[PDB]
>>> print(open('query24.cif').read())   # mmCIF, C-alpha atoms and all ligand atoms
data_upload
#
loop_
_atom_site.group_PDB
_atom_site.id
_atom_site.type_symbol
_atom_site.label_atom_id
_atom_site.label_comp_id
_atom_site.auth_asym_id
_atom_site.auth_seq_id
_atom_site.Cartn_x
_atom_site.Cartn_y
_atom_site.Cartn_z
ATOM 1 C CA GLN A 67 0.000 0.000 0.000
ATOM 2 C CA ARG A 68 1.060 3.686 0.380
ATOM 3 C CA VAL A 69 2.463 5.193 3.573
ATOM 4 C CA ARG A 70 -0.849 7.124 3.591
ATOM 5 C CA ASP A 71 -2.804 3.849 3.907
ATOM 6 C CA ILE A 72 -1.136 2.747 7.138
ATOM 7 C CA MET A 73 -0.393 5.997 8.934
ATOM 8 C CA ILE A 74 -1.841 7.316 12.154
ATOM 9 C CA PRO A 75 -3.658 10.386 10.899
ATOM 10 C CA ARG A 76 -2.722 13.872 12.074
ATOM 11 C CA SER A 77 -5.625 14.357 14.518
ATOM 12 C CA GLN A 78 -4.853 11.044 16.322
ATOM 13 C CA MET A 79 -1.140 11.859 16.791
ATOM 14 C CA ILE A 80 -0.226 12.267 20.424
ATOM 15 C CA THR A 81 2.090 15.240 20.505
ATOM 16 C CA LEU A 82 3.941 17.524 22.840
ATOM 17 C CA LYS A 83 4.230 21.292 22.760
ATOM 18 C CA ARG A 84 7.658 22.767 22.643
ATOM 19 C CA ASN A 85 6.746 25.085 25.571
ATOM 20 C CA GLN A 86 4.952 22.702 28.054
ATOM 21 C CA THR A 87 6.457 21.951 31.489
ATOM 22 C CA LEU A 88 8.049 18.642 32.271
ATOM 23 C CA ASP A 89 4.980 17.699 34.403
ATOM 24 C CA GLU A 90 2.571 18.511 31.572
ATOM 25 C CA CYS A 91 4.731 16.493 29.201
ATOM 26 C CA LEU A 92 5.016 13.543 31.571
ATOM 27 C CA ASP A 93 1.246 13.481 31.938
ATOM 28 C CA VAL A 94 0.819 13.065 28.203
ATOM 29 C CA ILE A 95 3.668 10.599 27.863
ATOM 30 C CA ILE A 96 2.707 8.395 30.791
ATOM 31 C CA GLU A 97 -0.940 8.172 29.991
ATOM 32 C CA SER A 98 -0.601 7.632 26.230
ATOM 33 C CA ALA A 99 2.116 5.008 26.832
ATOM 34 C CA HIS A 100 3.798 5.709 23.508
ATOM 35 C CA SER A 101 7.571 5.862 23.100
ATOM 36 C CA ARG A 102 8.074 8.817 20.716
ATOM 37 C CA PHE A 103 6.105 11.961 20.253
ATOM 38 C CA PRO A 104 6.150 14.620 17.611
ATOM 39 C CA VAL A 105 6.802 18.008 19.201
ATOM 40 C CA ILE A 106 4.800 20.873 17.709
ATOM 41 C CA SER A 107 4.714 24.635 17.896
ATOM 42 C CA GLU A 108 1.309 26.157 17.129
ATOM 43 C CA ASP A 109 -0.511 23.156 15.801
ATOM 44 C CA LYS A 110 -0.105 19.654 14.442
ATOM 45 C CA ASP A 111 0.831 20.991 10.995
ATOM 46 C CA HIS A 112 4.116 22.441 12.396
ATOM 47 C CA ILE A 113 6.396 19.753 13.766
ATOM 48 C CA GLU A 114 9.603 20.974 15.332
ATOM 49 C CA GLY A 115 11.118 17.558 15.988
ATOM 50 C CA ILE A 116 10.648 14.317 17.877
ATOM 51 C CA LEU A 117 10.858 13.516 21.555
ATOM 52 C CA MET A 118 11.755 10.009 22.628
ATOM 53 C CA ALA A 119 10.651 9.124 26.112
ATOM 54 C CA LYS A 120 13.837 7.181 26.924
ATOM 55 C CA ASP A 121 15.817 10.458 26.506
ATOM 56 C CA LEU A 122 14.108 11.709 29.660
ATOM 57 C CA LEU A 123 15.744 9.076 31.886
ATOM 58 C CA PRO A 124 19.150 10.856 32.325
ATOM 59 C CA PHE A 125 17.208 13.794 33.819
ATOM 60 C CA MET A 126 15.934 11.544 36.522
ATOM 61 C CA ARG A 127 19.430 11.000 38.000
ATOM 62 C CA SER A 128 20.034 12.795 41.319
ATOM 63 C CA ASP A 129 22.974 14.764 39.810
ATOM 64 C CA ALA A 130 21.491 15.395 36.386
ATOM 65 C CA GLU A 131 21.423 18.651 34.417
ATOM 66 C CA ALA A 132 18.130 20.578 34.218
ATOM 67 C CA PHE A 133 15.611 19.271 31.713
ATOM 68 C CA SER A 134 14.712 21.430 28.715
ATOM 69 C CA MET A 135 13.064 20.460 25.451
ATOM 70 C CA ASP A 136 16.102 21.622 23.514
ATOM 71 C CA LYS A 137 18.267 19.040 25.305
ATOM 72 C CA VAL A 138 16.214 16.127 23.997
ATOM 73 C CA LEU A 139 14.587 17.274 20.755
ATOM 74 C CA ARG A 140 15.575 15.195 17.718
ATOM 75 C CA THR A 141 15.206 15.936 14.030
ATOM 76 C CA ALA A 142 11.947 14.711 12.581
ATOM 77 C CA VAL A 143 12.200 12.633 9.376
ATOM 78 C CA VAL A 144 9.501 13.573 6.840
ATOM 79 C CA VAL A 145 8.236 11.453 3.940
ATOM 80 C CA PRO A 146 5.601 12.009 1.233
ATOM 81 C CA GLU A 147 2.134 10.391 1.452
ATOM 82 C CA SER A 148 2.890 8.531 -1.778
ATOM 83 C CA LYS A 149 5.994 6.768 -0.426
ATOM 84 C CA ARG A 150 5.887 2.990 -0.696
ATOM 85 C CA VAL A 151 5.621 0.851 2.403
ATOM 86 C CA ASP A 152 8.392 -1.414 1.071
ATOM 87 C CA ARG A 153 10.684 1.571 0.634
ATOM 88 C CA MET A 154 9.436 3.013 3.978
ATOM 89 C CA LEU A 155 10.309 -0.287 5.699
ATOM 90 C CA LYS A 156 13.706 -0.452 4.023
ATOM 91 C CA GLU A 157 14.454 3.132 5.130
ATOM 92 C CA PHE A 158 13.394 2.557 8.760
ATOM 93 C CA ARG A 159 15.698 -0.459 8.627
ATOM 94 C CA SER A 160 18.872 1.068 7.065
ATOM 95 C CA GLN A 161 18.724 4.450 8.892
ATOM 96 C CA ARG A 162 17.880 2.617 12.146
ATOM 97 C CA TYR A 163 14.841 4.761 13.141
ATOM 98 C CA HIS A 164 11.197 4.052 14.069
ATOM 99 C CA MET A 165 8.909 6.945 13.246
ATOM 100 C CA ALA A 166 8.443 9.331 10.341
ATOM 101 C CA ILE A 167 6.117 12.273 9.790
ATOM 102 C CA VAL A 168 3.987 11.998 6.542
ATOM 103 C CA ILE A 169 3.482 15.259 4.629
ATOM 104 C CA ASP A 170 0.900 16.012 1.917
ATOM 105 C CA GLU A 171 1.739 17.545 -1.486
ATOM 106 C CA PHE A 172 1.102 20.941 0.061
ATOM 107 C CA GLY A 173 3.396 20.841 3.074
ATOM 108 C CA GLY A 174 0.645 20.043 5.575
ATOM 109 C CA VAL A 175 1.124 17.163 8.004
ATOM 110 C CA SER A 176 -0.961 14.070 7.098
ATOM 111 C CA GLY A 177 0.021 11.766 9.932
ATOM 112 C CA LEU A 178 2.914 9.647 11.290
ATOM 113 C CA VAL A 179 4.054 6.205 10.362
ATOM 114 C CA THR A 180 6.024 3.721 12.411
ATOM 115 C CA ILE A 181 8.038 0.608 11.739
ATOM 116 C CA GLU A 182 5.854 -1.121 14.336
ATOM 117 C CA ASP A 183 2.724 -0.696 12.223
ATOM 118 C CA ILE A 184 4.475 -1.949 9.091
ATOM 119 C CA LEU A 185 5.703 -5.138 10.833
ATOM 120 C CA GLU A 186 2.307 -5.789 12.341
ATOM 121 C CA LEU A 187 1.112 -5.982 8.672
ATOM 122 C CA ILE A 188 3.637 -8.508 7.385
ATOM 123 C CA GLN B 67 14.715 -22.490 13.889
ATOM 124 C CA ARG B 68 14.470 -22.597 17.694
ATOM 125 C CA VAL B 69 14.511 -19.956 20.430
ATOM 126 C CA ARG B 70 17.966 -21.199 21.347
ATOM 127 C CA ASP B 71 19.159 -19.924 17.927
ATOM 128 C CA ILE B 72 18.008 -16.306 18.422
ATOM 129 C CA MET B 73 18.094 -15.743 22.169
ATOM 130 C CA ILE B 74 20.459 -13.414 23.919
ATOM 131 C CA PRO B 75 22.551 -15.789 26.141
ATOM 132 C CA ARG B 76 22.372 -15.477 29.959
ATOM 133 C CA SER B 77 25.969 -14.093 30.122
ATOM 134 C CA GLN B 78 25.009 -11.177 27.885
ATOM 135 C CA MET B 79 21.663 -10.343 29.552
ATOM 136 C CA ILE B 80 21.539 -6.848 30.997
ATOM 137 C CA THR B 81 19.671 -7.207 34.269
ATOM 138 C CA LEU B 82 18.704 -5.147 37.292
ATOM 139 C CA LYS B 83 18.706 -6.300 40.996
ATOM 140 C CA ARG B 84 15.429 -6.275 42.914
ATOM 141 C CA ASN B 85 16.972 -4.228 45.753
ATOM 142 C CA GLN B 86 18.664 -1.546 43.558
ATOM 143 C CA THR B 87 18.192 2.128 44.083
ATOM 144 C CA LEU B 88 16.654 4.325 41.422
ATOM 145 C CA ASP B 89 20.068 5.884 40.488
ATOM 146 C CA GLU B 90 21.689 2.521 40.181
ATOM 147 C CA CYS B 91 18.845 1.233 37.899
ATOM 148 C CA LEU B 92 19.107 4.425 35.848
ATOM 149 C CA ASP B 93 22.835 4.038 35.315
ATOM 150 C CA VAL B 94 22.324 0.538 33.884
ATOM 151 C CA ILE B 95 19.306 1.466 31.767
ATOM 152 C CA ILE B 96 20.996 4.586 30.324
ATOM 153 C CA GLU B 97 24.304 2.836 29.582
ATOM 154 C CA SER B 98 22.668 -0.162 27.885
ATOM 155 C CA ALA B 99 19.901 1.733 26.062
ATOM 156 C CA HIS B 100 17.448 -1.196 26.275
ATOM 157 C CA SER B 101 13.731 -0.897 26.942
ATOM 158 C CA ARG B 102 13.160 -3.973 29.233
ATOM 159 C CA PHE B 103 15.287 -5.766 31.768
ATOM 160 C CA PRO B 104 14.967 -8.955 33.626
ATOM 161 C CA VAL B 105 14.959 -8.225 37.404
ATOM 162 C CA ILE B 106 16.926 -10.643 39.555
ATOM 163 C CA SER B 107 17.349 -11.512 43.189
ATOM 164 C CA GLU B 108 20.281 -13.803 43.952
ATOM 165 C CA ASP B 109 21.719 -14.096 40.438
ATOM 166 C CA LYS B 110 20.590 -14.463 36.852
ATOM 167 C CA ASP B 111 18.967 -17.890 37.451
ATOM 168 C CA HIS B 112 16.635 -16.177 39.917
ATOM 169 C CA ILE B 113 14.488 -13.947 37.785
ATOM 170 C CA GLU B 114 11.766 -12.126 39.744
ATOM 171 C CA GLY B 115 10.155 -10.222 36.918
ATOM 172 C CA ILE B 116 10.724 -7.768 34.052
ATOM 173 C CA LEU B 117 10.949 -4.015 34.358
ATOM 174 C CA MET B 118 10.184 -1.660 31.488
ATOM 175 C CA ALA B 119 12.201 1.518 31.515
ATOM 176 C CA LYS B 120 9.168 3.654 30.580
ATOM 177 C CA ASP B 121 7.380 2.566 33.751
ATOM 178 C CA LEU B 122 9.946 4.661 35.623
ATOM 179 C CA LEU B 123 8.597 7.904 34.243
ATOM 180 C CA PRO B 124 5.807 8.464 36.783
ATOM 181 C CA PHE B 125 8.587 8.923 39.435
ATOM 182 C CA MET B 126 9.942 11.979 37.623
ATOM 183 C CA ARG B 127 6.668 13.849 38.127
ATOM 184 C CA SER B 128 6.936 16.626 40.708
ATOM 185 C CA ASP B 129 4.419 15.274 43.201
ATOM 186 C CA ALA B 130 5.376 11.547 42.863
ATOM 187 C CA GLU B 131 5.776 9.011 45.661
ATOM 188 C CA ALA B 132 9.206 7.436 46.097
ATOM 189 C CA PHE B 133 10.330 4.783 43.640
ATOM 190 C CA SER B 134 10.074 1.123 44.648
ATOM 191 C CA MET B 135 10.646 -1.938 42.460
ATOM 192 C CA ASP B 136 7.430 -3.524 43.755
ATOM 193 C CA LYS B 137 5.122 -1.104 41.979
ATOM 194 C CA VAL B 138 6.675 -1.409 38.492
ATOM 195 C CA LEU B 139 7.884 -5.038 38.285
ATOM 196 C CA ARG B 140 5.851 -7.325 35.953
ATOM 197 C CA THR B 141 5.741 -11.178 36.014
ATOM 198 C CA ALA B 142 8.290 -12.889 33.745
ATOM 199 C CA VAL B 143 7.180 -15.487 31.187
ATOM 200 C CA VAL B 144 9.466 -18.508 30.843
ATOM 201 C CA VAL B 145 9.915 -20.657 27.716
ATOM 202 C CA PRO B 146 12.164 -23.590 26.761
ATOM 203 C CA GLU B 147 15.101 -23.136 24.309
ATOM 204 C CA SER B 148 13.714 -25.867 22.025
ATOM 205 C CA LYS B 149 10.505 -23.936 21.308
ATOM 206 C CA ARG B 150 10.068 -23.150 17.623
ATOM 207 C CA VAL B 151 10.376 -19.493 16.652
ATOM 208 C CA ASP B 152 6.966 -19.540 14.853
ATOM 209 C CA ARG B 153 5.214 -20.655 18.001
ATOM 210 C CA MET B 154 7.171 -18.111 20.011
ATOM 211 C CA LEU B 155 5.962 -15.406 17.663
ATOM 212 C CA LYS B 156 2.348 -16.556 18.088
ATOM 213 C CA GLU B 157 2.615 -16.623 21.912
ATOM 214 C CA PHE B 158 4.102 -13.129 22.047
ATOM 215 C CA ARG B 159 1.212 -11.828 19.990
ATOM 216 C CA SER B 160 -1.453 -13.862 21.866
ATOM 217 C CA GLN B 161 -0.247 -13.017 25.365
ATOM 218 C CA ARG B 162 0.723 -9.491 24.297
ATOM 219 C CA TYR B 163 4.253 -9.337 25.593
ATOM 220 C CA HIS B 164 7.700 -8.563 24.212
ATOM 221 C CA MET B 165 10.354 -10.485 26.220
ATOM 222 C CA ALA B 166 10.566 -13.983 27.601
ATOM 223 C CA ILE B 167 13.094 -15.760 29.800
ATOM 224 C CA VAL B 168 14.559 -18.874 28.176
ATOM 225 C CA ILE B 169 15.456 -22.019 30.204
ATOM 226 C CA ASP B 170 17.312 -25.204 29.353
ATOM 227 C CA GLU B 171 16.330 -28.808 30.179
ATOM 228 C CA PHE B 172 17.753 -28.520 33.716
ATOM 229 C CA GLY B 173 15.531 -25.553 34.406
ATOM 230 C CA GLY B 174 18.516 -23.099 34.466
ATOM 231 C CA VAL B 175 18.192 -19.698 32.793
ATOM 232 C CA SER B 176 19.901 -19.868 29.404
ATOM 233 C CA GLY B 177 18.896 -16.466 28.027
ATOM 234 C CA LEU B 178 16.178 -14.063 27.005
ATOM 235 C CA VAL B 179 14.270 -13.730 23.746
ATOM 236 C CA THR B 180 12.359 -10.806 22.254
ATOM 237 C CA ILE B 181 9.763 -10.280 19.611
ATOM 238 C CA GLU B 182 11.942 -7.591 18.012
ATOM 239 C CA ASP B 183 14.606 -10.243 17.310
ATOM 240 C CA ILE B 184 12.056 -12.569 15.716
ATOM 241 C CA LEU B 185 10.526 -9.801 13.541
ATOM 242 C CA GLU B 186 14.013 -8.633 12.559
ATOM 243 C CA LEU B 187 14.634 -12.187 11.309
ATOM 244 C CA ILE B 188 11.528 -12.110 9.067
ATOM 245 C CA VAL B 189 12.257 -8.791 7.249
HETATM 246 N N1 LIG A 201 2.901 9.683 19.349
HETATM 247 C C1 LIG A 201 1.968 8.859 18.837
HETATM 248 N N2 LIG A 201 0.703 9.243 18.561
HETATM 249 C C2 LIG A 201 -0.203 8.371 18.060
HETATM 250 N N3 LIG A 201 0.091 7.075 17.825
HETATM 251 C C3 LIG A 201 1.338 6.636 17.999
HETATM 252 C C4 LIG A 201 2.337 7.488 18.594
HETATM 253 N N4 LIG A 201 3.461 6.741 18.745
HETATM 254 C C5 LIG A 201 3.202 5.501 18.324
HETATM 255 N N5 LIG A 201 1.938 5.455 17.884
HETATM 256 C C6 LIG A 201 1.238 4.255 17.383
HETATM 257 O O1 LIG A 201 1.060 3.390 18.473
HETATM 258 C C7 LIG A 201 1.625 2.117 18.131
HETATM 259 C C8 LIG A 201 2.382 1.564 19.321
HETATM 260 O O2 LIG A 201 3.688 2.189 19.307
HETATM 261 P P1 LIG A 201 4.246 2.520 20.736
HETATM 262 O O3 LIG A 201 3.066 3.179 21.437
HETATM 263 O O4 LIG A 201 5.445 3.403 20.580
HETATM 264 O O5 LIG A 201 4.498 1.142 21.244
HETATM 265 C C9 LIG A 201 2.577 2.362 16.971
HETATM 266 O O6 LIG A 201 2.593 1.266 16.066
HETATM 267 C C10 LIG A 201 2.020 3.565 16.311
HETATM 268 O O7 LIG A 201 1.105 3.106 15.343
HETATM 269 N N1 LIG A 202 17.861 -6.469 28.916
HETATM 270 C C1 LIG A 202 18.524 -6.854 27.798
HETATM 271 N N2 LIG A 202 19.726 -7.486 27.792
HETATM 272 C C2 LIG A 202 20.413 -7.877 26.705
HETATM 273 N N3 LIG A 202 19.976 -7.635 25.468
HETATM 274 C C3 LIG A 202 18.779 -7.026 25.357
HETATM 275 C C4 LIG A 202 17.978 -6.589 26.513
HETATM 276 N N4 LIG A 202 16.851 -6.013 26.057
HETATM 277 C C5 LIG A 202 16.922 -6.106 24.715
HETATM 278 N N5 LIG A 202 18.064 -6.699 24.309
HETATM 279 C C6 LIG A 202 18.549 -6.984 22.931
HETATM 280 O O1 LIG A 202 18.786 -5.810 22.218
HETATM 281 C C7 LIG A 202 17.700 -5.709 21.235
HETATM 282 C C8 LIG A 202 17.058 -4.335 21.101
HETATM 283 O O2 LIG A 202 15.983 -4.099 22.042
HETATM 284 P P1 LIG A 202 15.943 -2.676 22.781
HETATM 285 O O3 LIG A 202 17.425 -2.440 22.959
HETATM 286 O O4 LIG A 202 15.156 -2.787 24.054
HETATM 287 O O5 LIG A 202 15.346 -1.784 21.744
HETATM 288 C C9 LIG A 202 16.628 -6.726 21.637
HETATM 289 O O6 LIG A 202 15.857 -7.253 20.569
HETATM 290 C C10 LIG A 202 17.472 -7.795 22.223
HETATM 291 O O7 LIG A 202 18.045 -8.587 21.195
#
>>> encode(input="query24.cif", output="structure tokens", more="lines below")
Ligand SMILES: Nc1ncnc2c1ncn2[C@@H]1O[C@H](COP(=O)(O)O)[C@@H](O)[C@H]1O
Ligand SMILES: Nc1ncnc2c1ncn2[C@@H]1O[C@H](COP(=O)(O)O)[C@@H](O)[C@H]1O
Amino acid sequence: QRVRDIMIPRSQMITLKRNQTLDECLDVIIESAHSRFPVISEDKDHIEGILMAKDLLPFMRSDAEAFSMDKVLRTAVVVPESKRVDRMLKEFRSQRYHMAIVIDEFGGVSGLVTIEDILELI
Amino acid sequence: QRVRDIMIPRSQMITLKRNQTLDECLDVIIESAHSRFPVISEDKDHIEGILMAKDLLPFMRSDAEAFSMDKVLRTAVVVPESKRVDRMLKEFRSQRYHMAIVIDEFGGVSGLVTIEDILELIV
């Protein structure tokens, strides 16, 4: 199929805001139980990057630095809606990543796609 | 293909001790980068459960209670090394879990196996 046929659409993406407090973030993270979250600015069409929940663990150490979104924000990989699942799988595999943001022909965000959902198919 | 052929051997398992402090668990988790860890008592043949790193997050919240292994530890599922990988895949999916403890014919812990390693095999 197309990446578009297996993606989590935009409105169902569980995201974080680049300005929220750690507590507000944790609330979302803990209750959604997901591992990676797109981080947005004004809305879900403007993704600043990706936050992986495991990157929060160093901040839990008793002698850790202060947490800030900038310390954990990763670059978001974007792919077109028309990208092929085979190619999508191959790319998750060779670049060793798990989530990509799907963009429409017009620069809007269509949804996210994960290696987990592809494998569940096969 | 059997579990024995794809398991991570006991000697390479990254584990946590049931009586370890939060900092000590964090050091191990951070250094290894894994998501789940068998939790042991005396040694690696004495597996008490599995801990998922993400279950530690509620203790970072500002008004959280103090961390204790009791409230995050989950029961460990044990399988024999001769089990076929196809059956293992079906049990993981049926019982909705990601990591199992593998034992040999003497009942000793021989390793761990994960669904990610099985899926990786079938790509
Ligand atoms: N941030 C997210 N928002 C919405 N769905 C997601 C998110 N992260 C992962 N998923 C979906 O939830 C499934 C479980 O992934 P995870 O929750 O990371 O185990 C994945 O296969 C994705 O389809
Ligand atoms: N606690 C662990 N000890 C040793 N190897 C592990 C452990 N957890 C996972 N692995 C291995 O490393 C792979 C990646 O899983 P993870 O590192 O949790 O993403 C797993 O499929 C296992 O093969």
>>> closest_residue(input="query24.cif", among="B:70, B:120, B:84, B:112", to="ligand LIG 201 (chain A)", atoms="only C-alpha atoms and all ligand atoms")
B:120
>>> closest_residue(input="query24.cif", among="A:118, A:73, A:145, A:135", to="chain B", atoms="all atoms listed in the file")
A:118
>>> closest_residue(input="query24.cif", among="B:124, B:174, B:104, B:146", to="ligand LIG 202 (chain A)", atoms="all atoms listed in the file")
B:104
>>> closest_residue(input="query24.cif", among="B:180, B:81, B:153, B:89", to="residue 134 in chain B", atoms="only C-alpha atoms")
B:89
>>> resolve_selection(input="query24.cif", expression="the PyMOL selection byres (((chain B and resi 107-111) around 12) and not hetatm)", output="PyMOL selection string")
chain B and resi 75-86+103-106+112-116+135+144+167-170+172-178
>>> interface_residues(input="query24.cif", of="chain A", to="chain B", cutoff="9 Å", atoms="only C-alpha atoms", output="ChimeraX atom specification")
/A:88-89,92-93,95-96,99,101,119-128,155,185,188
>>> resolve_selection(input="query24.cif", expression="the PyMOL selection byres (((chain A and resi 108) around 12) and not hetatm)", output="ChimeraX atom specification")
/A:81-85,105-107,109-114
>>> residues_around(input="query24.cif", residues="residue 169 in chain A", least_positions_apart="3", cutoff="6 Å", atoms="only C-alpha atoms", output="compact mmCIF listing (two decimals) with C-alpha atoms, keeping the file's coordinate frame")
# COMPACT_ATOMS: atom_id res chain seq x y z
CA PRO A 146 5.60 12.01 1.23
CA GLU A 147 2.13 10.39 1.45
CA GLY A 173 3.40 20.84 3.07
CA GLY A 174 0.64 20.04 5.58
CA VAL A 175 1.12 17.16 8.00
CA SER A 176 -0.96 14.07 7.10
>>> closest_residue(input="query24.cif", among="B:165, B:94, B:130, B:179", to="residue 149 in chain B", atoms="all atoms listed in the file")
B:179
>>> resolve_selection(input="query24.cif", expression="the PyMOL selection byres (((chain A and resi 71) around 10) and not hetatm)", output="number ranges by chain")
A: 67-70, 72-75, 147-148, 150-151, 179
>>> write_last_selection(input="query24.cif", atoms="C-alpha atoms", output="compact mmCIF listing (two decimals), in the coordinates of the input")
# COMPACT_ATOMS: atom_id res chain seq x y z
CA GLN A 67 0.00 0.00 0.00
CA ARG A 68 1.06 3.69 0.38
CA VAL A 69 2.46 5.19 3.57
CA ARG A 70 -0.85 7.12 3.59
CA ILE A 72 -1.14 2.75 7.14
CA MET A 73 -0.39 6.00 8.93
CA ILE A 74 -1.84 7.32 12.15
CA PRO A 75 -3.66 10.39 10.90
CA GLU A 147 2.13 10.39 1.45
CA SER A 148 2.89 8.53 -1.78
CA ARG A 150 5.89 2.99 -0.70
CA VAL A 151 5.62 0.85 2.40
CA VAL A 179 4.05 6.20 10.36
>>> atom_distance(input="query24.cif", atom1="atom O5 of ligand LIG 201 (chain A)", atom2="CA of residue 129 in chain A")
29.5 Å
>>> atom_distance(input="query24.cif", atom1="atom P1 of ligand LIG 201 (chain A)", atom2="CA of residue 86 in chain A")
21.5 Å
>>> residues_around(input="query24.cif", residues="residue 72 in chain B", least_positions_apart="2", cutoff="8 Å", atoms="all atoms listed in the file", output="PyMOL selection string")
chain B and resi 68-70+74+179+183-184
>>> atom_distance(input="query24.cif", atom1="atom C4 of ligand LIG 201 (chain A)", atom2="CA of residue 143 in chain B")
26.6 Å
>>> axis_aligned_box(input="query24.cif", around="ligand LIG 202 (chain A)", padding_each_side="4 Å", output="AutoDock Vina command-line options")
--center_x 17.8 --center_y -5.2 --center_z 24.7 --size_x 13.3 --size_y 14.8 --size_z 16.3
>>> closest_residue(input="query24.cif", among="B:156, B:164, B:150, B:140", to="ligand LIG 202 (chain A)", atoms="only C-alpha atoms and all ligand atoms")
B:164
>>> build_atoms(input="query24.cif", residues="range 142-154 of chain A", atoms="N, CA and C atoms", output="tab-separated table (two decimals), keeping the file's coordinate frame")
chain	number	residue	atom	x	y	z
A	142	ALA	N	13.03	15.55	13.08
A	142	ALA	CA	11.95	14.71	12.58
A	142	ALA	C	12.16	14.32	11.11
A	143	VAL	N	12.06	13.05	10.77
A	143	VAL	CA	12.20	12.63	9.38
A	143	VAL	C	10.82	12.78	8.72
A	144	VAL	N	10.75	13.39	7.53
A	144	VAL	CA	9.50	13.57	6.84
A	144	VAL	C	9.53	12.79	5.55
A	145	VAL	N	8.39	12.23	5.18
A	145	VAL	CA	8.24	11.45	3.94
A	145	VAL	C	6.93	11.83	3.25
A	146	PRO	N	6.86	11.69	1.91
A	146	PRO	CA	5.60	12.01	1.23
A	146	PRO	C	4.56	10.90	1.43
A	147	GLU	N	3.29	11.28	1.34
A	147	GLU	CA	2.13	10.39	1.45
A	147	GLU	C	2.18	9.24	0.47
A	148	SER	N	2.77	9.51	-0.69
A	148	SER	CA	2.89	8.53	-1.78
A	148	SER	C	4.05	7.56	-1.62
A	149	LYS	N	4.88	7.70	-0.58
A	149	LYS	CA	5.99	6.77	-0.43
A	149	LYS	C	5.51	5.34	-0.19
A	150	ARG	N	6.21	4.40	-0.79
A	150	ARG	CA	5.89	2.99	-0.70
A	150	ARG	C	6.32	2.33	0.60
A	151	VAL	N	5.40	1.55	1.15
A	151	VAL	CA	5.62	0.85	2.40
A	151	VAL	C	6.89	0.04	2.36
A	152	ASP	N	7.15	-0.62	1.23
A	152	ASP	CA	8.39	-1.41	1.07
A	152	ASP	C	9.59	-0.49	1.27
A	153	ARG	N	9.61	0.60	0.52
A	153	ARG	CA	10.68	1.57	0.63
A	153	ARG	C	10.69	2.14	2.07
A	154	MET	N	9.52	2.48	2.59
A	154	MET	CA	9.44	3.01	3.98
A	154	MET	C	10.09	2.00	4.93
